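Presented below, as structure tokens, is a lone chain in the form deposited in one PDB entry.
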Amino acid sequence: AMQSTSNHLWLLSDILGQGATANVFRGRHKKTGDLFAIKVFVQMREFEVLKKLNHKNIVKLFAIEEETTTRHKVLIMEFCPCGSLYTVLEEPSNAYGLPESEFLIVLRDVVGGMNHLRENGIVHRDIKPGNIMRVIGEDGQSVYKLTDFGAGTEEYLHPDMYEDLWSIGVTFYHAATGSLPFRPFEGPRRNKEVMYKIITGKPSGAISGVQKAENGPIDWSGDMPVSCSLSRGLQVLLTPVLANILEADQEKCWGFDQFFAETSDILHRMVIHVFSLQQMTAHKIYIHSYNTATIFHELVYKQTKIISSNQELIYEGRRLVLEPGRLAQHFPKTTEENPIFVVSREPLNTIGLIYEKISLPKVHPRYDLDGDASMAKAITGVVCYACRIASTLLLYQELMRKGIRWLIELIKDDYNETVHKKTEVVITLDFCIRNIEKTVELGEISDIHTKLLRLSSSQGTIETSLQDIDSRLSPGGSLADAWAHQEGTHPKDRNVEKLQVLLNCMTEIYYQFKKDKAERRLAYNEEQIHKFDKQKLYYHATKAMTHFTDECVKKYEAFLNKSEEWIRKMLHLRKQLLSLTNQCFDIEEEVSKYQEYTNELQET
């Protein structure tokens, strides 16, 4: 049994969305077989004007047909097989926030879609992840579209409307943190009056309000949580956009013009990957392609507290000198695995990666299809977070080994250049101390040897202290990079994939529990499978957290503690080589005052 039309037909089992106004079914065309989104319920004019609406970020309304049996007005819309943004946020990998690249696609499509709607004059009123569909483009990247804006949601209401830019800020915060900005204790249900009190609290600059106790306080915050998977450079640019659109004051509201301007400023910026080798921290500098490198060093300082003049950059095993006027679009292309390492002559504190330390929530023995579903979603997102941090800690160590293996070669290049200037002084020394011996009232000569022999003696002390550094930069010379290969974790251990095996098992049990919740009750046979796999869900999470802390974190903190000591020894050797090289330049000019002095007397 199923309904049909003159051109389309759909099964009632293939139901997609179910709302108050109508329901949307997954249907096909009677002549082509292509899949369409069939929506089964003044109109003839406001619907044909939605047909001409053609935009990348808007679901195309193809045609309007009338059903056969009930003669109901049926809308033939574009089918989006990936679901809505809410479906994307339900996956455990996005439980603590979307990927940073995926987050930029959402912001670009949402802004690009509403801007086209404002050019035509359509107010969306309700903008939630349920109103934003996802389509895979021809290139493989996601494409987000708007669809439902005709005649919103309890969690995405303005305080004055609770009794346009508001729901957009809640959606972006939800997509960036994986959670809602204003959450009471028992959720926005019976604590609905608390939800209204949270919004009317209007802390202006703050964007979050977590009630971690029943009828307790409201923990405000103006910054993104630590679990946010976005880069620190993106949070600095995203925070003021949300804070200025999350307050009831129309006097202090931004409006679409200032919103579209500042959002376009973020999307027009390219990414420059920079890894602080002395702090063991990876960063992402969001800089426009037309800015100079001076502004680039400014953004590196605002994210690493490194002075611009002290920023010494390394790229692909060689030093990198950035001209203060060199545009950002002419910088070398960088990735997360091949960034621009920044080192400074000043001593820097070794911090490492900062992440939220979360534990496993206890599993309840109550057989509750809704309880086990909400429990499986939270515990699987925790493993995704631990699997995310594990891969980040592995990347930090692998980036650390390359940066250290490069820096020792850059130091050996500075040592070899000192040898070049040493041979220039030794040749000048010998060809001037012996050219006097050939020619040899004598105090004009004896004072030279008492000064030339002091130069050859102090120059020799540089040679002894240089070959010592050559012995320190040798394998096993109290500065070798061999410890980095024999301390932390490696891709050979395959720790990220060992956690990802247990993650897929927990996700399949979660997806099965997600299906078990749709079914109101299970049979006796399926009930025990739901209980047996529920216990396996705990053993998989316990096995992963044990392997995460007792292997990934222990080896990381052992590698980090070893790195903090090697940085001091490296900073100590750089100060000696710099002094020894400076002791070769000042004596290079001290032998210049004597090579022309007595060697060239005056006589007709």
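So that the term is clear: the rigid core is the largest set of C-alpha atoms that superpose within 1.5 Å between two forms. Just count from 1 along the sequence shown to find any residue number.
The same protein has a further form, the form deposited in another entry, not shown here; the description that follows concerns it.
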Task: residue 595 C-alpha moves between the shown form and the other one by 2 Å or more, core aligned - done: no
- [ ] Compare the position of the CA of residue 581 between the shown form and the other one after a rigid core fit and state whether the shift reaches 2 Å.
- [x] no
Task: Core-aligned C-alpha movement of residue 22 between the shown form and the other one, 2 Å or more - done: yes
